[PDB]
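Only one structure is covered here, and it is reproduced in the block below.
All values below come from the heavy atoms of this structure, side chains included, with hydrogens, waters and symmetry mates left out. In what follows, every chain begins at residue 1, and chains take the letters A, B, ... in the order their sequences are listed.
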Amino acid sequence: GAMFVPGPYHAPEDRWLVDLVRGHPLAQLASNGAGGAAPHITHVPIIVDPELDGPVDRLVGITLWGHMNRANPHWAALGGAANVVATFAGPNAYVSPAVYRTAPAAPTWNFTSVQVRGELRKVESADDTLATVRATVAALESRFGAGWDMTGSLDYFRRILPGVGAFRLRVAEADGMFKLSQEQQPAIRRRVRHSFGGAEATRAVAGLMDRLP
Amino acid sequence: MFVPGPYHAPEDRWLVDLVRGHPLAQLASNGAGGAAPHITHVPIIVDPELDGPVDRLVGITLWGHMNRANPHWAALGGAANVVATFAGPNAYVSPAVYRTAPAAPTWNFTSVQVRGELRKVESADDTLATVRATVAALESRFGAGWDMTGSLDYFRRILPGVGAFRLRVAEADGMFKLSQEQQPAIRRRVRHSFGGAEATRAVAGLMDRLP
Ligand code: HEM
Ligand code: HEM
Ligand SMILES: N[C@@H](CCCNO)C(=O)O
């Protein structure tokens, strides 16, 4: 694959990858830099095709929707059909060997990531640009927000729309890192799960550890 | 890295503070033949031999490692121009918090992007120096007083799989997107709403520290 994920760190099910994309829509969008420059990286909001009905169990084959600032050089750098990766970063925590209570050991960092790759297609119609930002509000306000109603701002969205660079990303490949102590003996994995259960900052990691088979 | 004027850190030390607080970077390099970039989550620290306040990232060497069997290691080759992105506290901003109209939602977030040449460490001594300073820095900040002494032999036994590296920072940019574009009373309402739950207090924390 285009992402290195050791055997024990594969998600139980394809659905875990879709879940992380929905949970952490603020992706890092990467494309090659010009003439041996470092990749361009932009934090961009990205959602699953809102027109999708049926349960979404796999990212491969679906289109993702996103936007960025047109004034961002990254926008002009993407040219035409640019091959890109968007990386989505889920729950994560430092793992002290103190938690293991074993010797010898080394520390690690438990973390979740999804990398999707395919060709970014820019949206140049204002109708499709407006669809992108309205679809994003509907998906993010419901999951992360405080019941705000976009209705009073629909004209405003249109009155500020030129700055938006909207895009579509057909997922050619999807890889998921779920690094959640699978490499450890079960009694040690229990100790990490129970440690992470004891603080809010680490509880989401404990929640994924608890759903592993 | 594109950073709008209002989202610049007040001081260079904020970029250093974010790197220190958020060491699991996304290391990116160019994909061969117009392919998408390679991306690896790697632990990166400030040069542990820097004694005295580290105020600026430009001019300084970052230490990291990854898996040698990771194909990203082979694709780096020697003298690759890389970006390492550190991601700090972040929270979705509901315009319900603004109590104004009209409005659009955003996402407050912190990133540091560093760029320069990645040099691969080959030296056994420099490779073991890298994972021990990584234990020293991260266990201090994130750990529970764990003593690596009893495990140094074990470090040495697994060391051959370590691909350790040095990143000379040529460029460092920091996004501190923290509602600075909003009027003062709105920034105040946002900071207040983030104050009252753990998921968001770290963002309220940085919004406090803005002048
Ligand atoms: C619903 C959640 C939303 C989030 C999380 C969000 C996030 C972002 C981010 C991170 C950028 C900067 C990308 C870059 O650096 O290149 C951006 C740019 C932009 N967004 Fe959105 N966005 C949202 C909704 C909207 C809506 C509803 C509008 C309405 C038109 C909008 C208009 C813009 C504009 C004009 C820009 C260009 C830069 C600027 O003028 O601020 N956004 N958005
Ligand atoms: C203290 C915190 C540490 C963290 C957060 C950490 C993190 C990581 C990560 C994320 C990778 C995978 C990179 C990739 O996917 O290519 C990795 C690989 C590796 N690290 Fe570390 N590391 C730490 C300390 C150490 C220590 C002390 C050793 C001792 C020798 C070590 C040995 C390795 C080895 C051998 C690999 C190759 C991957 C493997 O064998 O699974 N690490 N490390
Ligand atoms: N994967 C290692 C952990 C050491 C730090 N990172 O590799 C191991 O279990 O040997």
Side-chain angles (χ1 to χ4, degrees), chain A residues 22-27 42-48 50 65-72 126-127 129-166 200-201 203-204, chain B residues 2-10 14 18 87-111 174-211:
Chain A
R22 292 188 199 276
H24 315 273
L26 192 77
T42 310
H43 286 84
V44 288
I46 302 190
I47 62 153
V48 160
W65 290 24
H67 66 286
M68 64 169 84
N69 186 352
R70 279 182 180 257
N72 188 343
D127 182 21
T129 295
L130 190 63
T132 302
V133 299
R134 296 193 313 189
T136 304
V137 173
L140 302 203
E141 186 60 26
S142 63
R143 188 173 288 264
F144 304 104
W148 179 74
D149 171 13
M150 80 176 89
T151 300
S153 295
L154 285 178
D155 282 330
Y156 176 67
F157 290 7
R158 296 182 59 194
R159 286 204 297 285
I160 56 145
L161 201 63
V164 178
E200 188 58 17
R203 180 159 69 79
Chain B
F2 185 63
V3 176
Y7 303 150
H8 281 68
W14 286 47
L18 202 163
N90 73 85
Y92 175 78
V93 179
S94 175
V97 173
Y98 295 165
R99 302 197 308 266
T100 61
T106 198
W107 207 294
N108 286 358
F109 83 88
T110 57
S111 53
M175 181 73 77
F176 294 76
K177 182 175 161 49
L178 291 169
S179 303
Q180 298 98 312
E181 80 289 359
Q182 299 300 334
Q183 297 285 339
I186 309 334
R187 298 197 310 263
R188 181 156 184 276
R189 288 174 199 156
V190 172
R191 180 206 318 150
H192 172 72
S193 78
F194 285 166
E198 273 294 72
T200 60
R201 257 186 275 278
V203 174
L206 294 161
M207 294 179 74
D208 256 44
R209 307 213 308 100
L210 289 181

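- Here CG of A/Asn69 is found 5.0 Å from CZ of B/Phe2. Values are rounded to the nearest 0.5 Å.
- Residues A/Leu130 and A/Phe157 are in side-chain contact: their nearest non-hydrogen atoms beyond the backbone lie under 4.5 Å apart.
- A distance-only check finds no donor-acceptor pair linking the side chain of B/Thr106 to the backbone of B/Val93 [under 3.5 Å].
- Results of the ring-ring contact (aromatic ring centres under 6.0 Å, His included) test with B/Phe176 over B/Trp14, B/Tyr7, B/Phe109 single out B/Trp14 as the only residue that passes.
- In this structure, B/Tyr92 and A/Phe144 have tilted ring planes: the angle between them lies in the 30° to 60° band.
- Between the A/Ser153 side chain and the B/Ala103 main chain, a donor and an acceptor come within less than 3.5 Å of each other.
- In this structure, A/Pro25 and A/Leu140 approach most closely via the heavy-atom pair CG-CD2, 3.7 Å.
- Between atom CG of residue A/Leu154 and atom CZ of residue A/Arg134 there is a gap of 6.0 Å, rounded to the nearest 0.5 Å.
- At distances below 3.5 Å, at least one donor-acceptor pair connects side-chain atoms of B/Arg187 with backbone N or O atoms of B/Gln182.
- Atom CD of B/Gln183 has 12 or fewer heavy atoms from other residues, nucleotides or ligands within 6.0 Å.
- Going from atom OG1 of B/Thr200 over to atom CG of B/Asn90 covers 10.5 Å, rounded to the nearest 0.5 Å.
- Partner of B/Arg191 under the side chain to side chain contact (heavy atoms under 4.5 Å, CB included) criterion, chosen from B/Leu206, B/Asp208, B/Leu210: B/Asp208.
- Summarising the geometry of A/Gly145 relative to B/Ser94, their closest heavy-atom pair is CA-CB, 4.0 Å, with the distance given to 0.1 Å.
- Within a 6.0 Å radius of CZ in A/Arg70, other residues, nucleotides and ligands contribute more than 12 heavy atoms.
- When all heavy atoms are compared, the tightest approach of B/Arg201 to B/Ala197 is NH1-N, 3.0 Å.
- Atoms NE2 and NZ, on A/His43 and B/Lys177 in that order, are 12.5 Å from each other to the nearest 0.5 Å.
- Inter-residue side-chain proximity for B/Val97 and B/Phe194 is flagged as unmet; no heavy-atom pair is nearer than 4.5 Å.
- The two atoms that bring B/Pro102 and A/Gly152 nearest to each other are CB-O, 4.1 Å, heavy atoms only.
- The environment of NE2 in B/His192 is sparse: at most 12 heavy-atom neighbours from other residues, nucleotides or ligands sit within 6.0 Å.
- To the nearest 0.5 angstrom, B/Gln180 atom CD is 7.5 Å from B/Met207 atom CE.
- Closest approach of A/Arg22 and A/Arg143 over heavy atoms only: O-CD, 3.3 Å.
- Expressed to the nearest 0.5 Å, how far OG of B/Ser179 lies from OH of B/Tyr98 amounts to 5.5 Å.
- The two atoms that bring A/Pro45 and A/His67 nearest to each other are CG-CE1, 3.3 Å, heavy atoms only.
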